[PDB]
Amino acid sequence: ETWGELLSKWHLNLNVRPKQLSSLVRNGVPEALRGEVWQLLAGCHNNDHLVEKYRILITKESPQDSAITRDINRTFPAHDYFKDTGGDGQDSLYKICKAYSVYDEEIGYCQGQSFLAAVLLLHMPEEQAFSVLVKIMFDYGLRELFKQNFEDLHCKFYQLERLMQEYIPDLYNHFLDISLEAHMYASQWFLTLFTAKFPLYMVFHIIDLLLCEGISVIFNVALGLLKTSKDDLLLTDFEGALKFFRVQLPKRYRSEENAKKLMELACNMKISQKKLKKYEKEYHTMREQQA
Ligand SMILES: [Cl-]
């Protein structure tokens, strides 16, 4: 495209993102270019060291075989690439997940990580998918949500609710009235970056935005989802709200048009780093008092 010219430009200087990249990413990266573009966004291009390590890691046993197997059995099992249990896709998926469990000695394999691994394997080869997965967990900071009995996740829930008070006040008020807290609905959004419940078309666009702009885009998407469906939530009771989040909400985004308007709104509902850091500080101060 425009994409072709952009990639030529980028390859003249892989150290610096071209000025028009963020605007082109906002519209969605083409499927066939995501393998390359995701690697470049994440800052790995021929990351030889991680690939060398990976080749050793795959010879080691995982102490989390059972968790990994369970997750893989629920990871896009009908998809053409993953449906053959002896296929290359499923083989690669196991190896990546096991390798990760051995690589991150402190934390190990994280529940749901197979969905993210699978998203990456849908667009690039195995060894590169491992590399990108590591960068998402370590550099972008996904693994931080799993430390300290999920303390940073709890922080994100607090942040989401403060943002809702501000940008979706009617919905915030209603959720207060029915005592529905974010931990009851937003956990998989954050911990899996939407990979575990939303349709792939939408999920790929989310990764495009997340790799370009950072892990904070989960807030933008969260607010876009809540604002778009708020009228199906405002008059519901507790059970009703949960049922909506579990069944109807992901079903809406099977439509490509619905998913495109959602990512547009998410980008438009962008939240500043300054604002997020304020709310993070508020949460930390609060936790210190009660401690
Ligand atoms: Cl803002």
Residue count for segment 114-165, restricted to those that are surrounded by fewer than 24 Cβ atoms within 10 Å (Cβ to Cβ), over 13 Å from the mean Cα position of the chain (by Cα) and among the aromatic types (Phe, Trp, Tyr): 5
Residue check for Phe150: under 22 Å from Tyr185 (Cα atoms), aromatic (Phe, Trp, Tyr) and assigned by CATH to the domain that holds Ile218: yes
Residue selected from segment 222-247 under the condition closer than 21 Å to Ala259 by Cβ and aromatic (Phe, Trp, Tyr), by the criterion surrounded by the fewest Cβ atoms within 10 Å (Cβ to Cβ): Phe244
Candidates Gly224, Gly240 - the one that is free of Cβ contacts under 8 Å to residues at least 60 places away in the same chain and either within 16 Å of the ligand (Cβ to nearest atom) or under 20 Å from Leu142 (Cα atoms) (or both): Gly224
Given (1) under 25 Å from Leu121 (Cα atoms); (2) within 16 Å of the ligand (Cβ to nearest atom), number of the condition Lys197 does not satisfy: (2)
Helices (runs of 4 or more DSSP H) completely within segment 247-291 that count 3 or more residues being within 16 Å of the ligand (Cβ to nearest atom) and within 19 Å of the chain's Cα centre (by Cα): 256-268
Identity of the residue in segment 84-114, assigned to a helix (DSSP H, G or I) and of a type in the set (D, E, K, R), that ends up nearest to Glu144 (Cα to Cα): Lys98
Pick from segment 41-64, criterion under 23 Å from the mean Cα position of the chain (by Cα) and not aliphatic (A, V, I, L, M), ranking: nearest to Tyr109 (Cα to Cα): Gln64
Filter result (more than 18 Å from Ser23 (Cα to Cα), touching a residue at least 60 places away in the same chain (Cβ under 8 Å) and assigned to a loop (DSSP other than H, G, I, E, B)) within segment 192-214: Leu193, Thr195, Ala196, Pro199
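Here Cβ is always computed from backbone atoms with ideal geometry, including for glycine, and neighbour counts include all displayed protein chains. All of this is worked out from the model, or read from it or from the source named; nothing here is a laboratory result.
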